[PDB]
Structures are given as C-alpha cells and as structure tokens.
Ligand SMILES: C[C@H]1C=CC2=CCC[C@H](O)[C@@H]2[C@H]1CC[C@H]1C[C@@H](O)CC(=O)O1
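Take a look at this one chain, the form solved without the named molecule, written out in structure tokens.
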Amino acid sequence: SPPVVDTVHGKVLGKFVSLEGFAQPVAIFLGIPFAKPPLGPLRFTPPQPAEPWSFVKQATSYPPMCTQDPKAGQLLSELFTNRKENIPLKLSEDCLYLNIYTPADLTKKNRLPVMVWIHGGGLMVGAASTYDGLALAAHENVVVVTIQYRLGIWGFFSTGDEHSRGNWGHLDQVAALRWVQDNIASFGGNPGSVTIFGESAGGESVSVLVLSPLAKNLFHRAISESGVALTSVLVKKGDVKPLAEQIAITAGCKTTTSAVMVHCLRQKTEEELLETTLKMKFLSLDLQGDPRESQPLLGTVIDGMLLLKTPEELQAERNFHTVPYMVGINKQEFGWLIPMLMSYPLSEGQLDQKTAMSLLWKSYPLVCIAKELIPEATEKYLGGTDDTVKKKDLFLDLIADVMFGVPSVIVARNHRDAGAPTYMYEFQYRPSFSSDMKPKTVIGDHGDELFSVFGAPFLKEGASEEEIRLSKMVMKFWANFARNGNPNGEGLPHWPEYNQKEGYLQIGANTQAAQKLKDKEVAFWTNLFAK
C-alpha cells in the first residue's frame, strides 16, 4: 500500500488501513512467521527459528489458525471477535505466525510501546486473527502484536519425561517474544517496552511466563485477564502419563514406552490427530465413572524447562519476574459463556442441594475440589436459602470464584509481596455485542472486557455513548500501563495500586475504586483447601 519492512529473516509487505478520527493510517502486517513450521519430526519439539527468505514476503493475508476443533474454534472466534464480521480461518499445523498493527509513520522515527496479545480458548482452540489491533493501536499509539501458539495435542502433549516434556505452546509464546525483541523496532516499536496481555488461557499463559526463567528480559509489563497460573483447570500436577497413554491409544499407537508413543504419534497425519482430538471430547464434561479421571483438556505441565516447579512453589520462592502486573476478573466469570461452550449440565431455571453436590463432583476437572470438601463448599454458598433459583446463581458464583477470583487475588498478593507494582480490577458491564442467547441479566461474563480492550465500539455497530467512553477509558488505562507500569492518567478515574490495602478498580458504567477484592472468598477457600 506500499509499506515494506525488513526483518532479521527478510522483507515483508503489509498494507494501510485508516481508522475514523485518525489521519495516519495504521500499517498492518498479517501472517509473519516467527518460527520454522512445526511439521513432521518437529511435532512435540520446541520451535526453531524461521528459515530466511529472499525477495519480499506478502504479509496481507490472515494465516491459518493452529489445528483445533473447527466448530468450537469458529464459534469462539465469533463470540470474542471485535470485528463487524468474523473472518473464517483455515486450519493447519503450519500456524506459528503473528499479526502486527503499528500506527507509526514507518518513514519517520518511532519507538512506541508494544502490547503482545495472547489469545484464550483453554489451550485447545483460538486464533490471533480473531483480534483486530486497529482501534487500540490508533487510539493509544501502541504497536499491537497478536501471536499464535500450538494448541491441544500439538501444543501440550506430554509423557511427563524427556521424550515429550510438553508445553510446546508456551515455548511458541516465548519464541514469539524473542522475535518481537529482535524485530519490533522495524515496526516502530520499542523492544525495551513490551507488555504481554491475555485473556483466559491467554491470561494463564501470561502468568506462567511471569514465572518462567525462559521468558527473562522478554517483557516489561504483564496483564492477565480472567486467568492465571493458579486457574487449576489449565495446570496439570501429578502423573500425566495416563493422559498421554489414553491419547496414544485413541490415536492407535502402542504404549510400550514414552519414546515409542511419541514416535508413533509423530507418524500420524494432521487429520488423524484432529480425529483423535474430537474423540477425546475435550472442552466437555465427562459424566462417566470418575471425575478425577475426566480430562476436559490437557495443558500446562511442570516440565523442568519452562516451569521448574509448580506455580505455588515458585511464588513462595519469589524467583519470578517482578514486573508491573495487572490481574483482573469479571463479575460473573461462569455466568453464560463457559458453561454454554462445554454443554454444562446447567439446564433448569433452578437447582437443589443434592444435584449441586454431584454436579460439583463431576465438575472436578474445572474446580479441582476433593469429594470430602464438597458438602461444606456447597453448603457455604447454597445453604443460606431454600430458593432453588438463587441456588443456581450462587453455584455459578462458586465455580467462578474457584476458577478465577480466588486464584487471581492469590497471584496478585504473592506478586505484590515479592515487591512488584501490582494492580487489580473487577469488570462489571454487559456489552451490546454480547450474543443474543445470553440472558440480559448476565453482567461481566467471561470475555466481556475484550470488547472494551480491543475497541469493538469503534469497529462494530450499535454501541451507546456509554459503551464508547467505556472502551476509550479501558484502552487508555491499558496503554498507560504499557507506557508506565501504572494505568493512571489525567482524565481517568484514580486506580489505586494493589498494595497492603488491596485497592482495585471496579470497571464498568460507574468506574470507581474499592478494596479487598474477594477477601472473604479467599479466606474461605484457602482455609477449606488446607483441611
């Protein structure tokens, strides 16, 4: 259009897009490779640097999304996209690409902050391309980078030993950050000011990166949105071997040894590993035999390269990256989106005590709560009322609190206590972009803040004046944090540091400061889990 940039491995050609209210068009570069494609023998291995190219690579097409269930993937991209229209993507193992939105005049001198987005989808689905960086980049003058990383089996297959350690997806995330360091100056970005941010499994990934020595000097601020390293559904402790064996059997491989399982899986076609994925029935709750065996996903493991010990132990040791860290959550993290996606046994308008307890047990993959604690937990949340419709609501508050609220505050506290500037928020607002099938009473569902962070009101239609102003404020807070490690700025509500007083920001129509986010839930669960 005609912007051409030279990266360490060769030239790329992007295009210009203008945003209303902004004279300088944003230069967009789609499908830049940050690694060699992880094919054949490179499956279940760390990413390798991309091979160099001659001439000018076209970076004007969205790349494929990493192999995943196309039905769940597209459904998630549709619900999370900040675009007027979702962009249908192709599936491939050839998926280690990133997309760049730089608002800089590349003919001129620039050294802008860089915000690197890591999408969610439970480490099983999701895509970079779902997220248009155009609005955030233009409104706040930051270079926005969206990254992809291997998912499901390809991303996280682990034998628990040196033949397939696992965490390939997080290695990709790290690879993308090294690429950013080595390249982003050519896109008008500052490699001394990188902010990583992510939502759900993306937030968990940011939290895990904060804890990993591999990610040292790769970023200078971090934001986890509705997900952290103590969101226990995404982090496998204990023996991963049974899972590995069930996958290899489902793939039609023998289990004689680890190295033999890995070699046999490496001979399978993309199509065969996808078939296997669909038969494992991940992102779904198994209603058979034991909840303690049911696997809704595989995910982060303690591999000895990325993570040396469990997040719990690493926090106590305080060896992690003490960068400024914003950790936040939404008011009803389990209000609609997540249960709808797993076809959760939620159906009736109400719910009694005894079902609650068996549901919670079958929910073990999500909440990771032993059977002896289940009566107490349910009584705690559901016992103060005989009203079965309010039982249902308290129950979703329960799951939300265990999955996100409590882990988040714990992470934030530990990060504060290590000596790092820490911020927290709780987001409470119901976007007009919400799916029509979500009840109007669900407010601050999982993902609801995305529309503000990415500026859906500037790209989709139908936004009120209130919704518009809400996005402008969220983006300015996010980018102020990227600039300064501190979201505050003149014109914005005061956001207190998450210090000994535990100030945090209630973000929504009426944005204001408060204190001790989830204090009583944290005490309750912690005391209960140490029984």
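Position 1 is the first residue in the sequence shown; the rest follow in order.
Just so you know, the form solved in complex with the named molecule exists too; it's not on screen, but the next bit is about it.
The stretch that touches the named molecule in the deposited bound form, counting heavy atoms within 4.5 Å, is 344-352, out of 344-352, 178-186, 135-143, 457-465. Within 4.5 Å of the named molecule in the deposited bound form, a heavy atom is found for every one of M340, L396 and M437. Among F451, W336, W154, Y381, the residue placing a heavy atom within 4.5 Å of the named molecule in the deposited bound form is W336.
The contact with the named molecule in the deposited bound form, taken as any heavy atom within 4.5 Å, belongs to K392 out of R413, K392, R266, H220.
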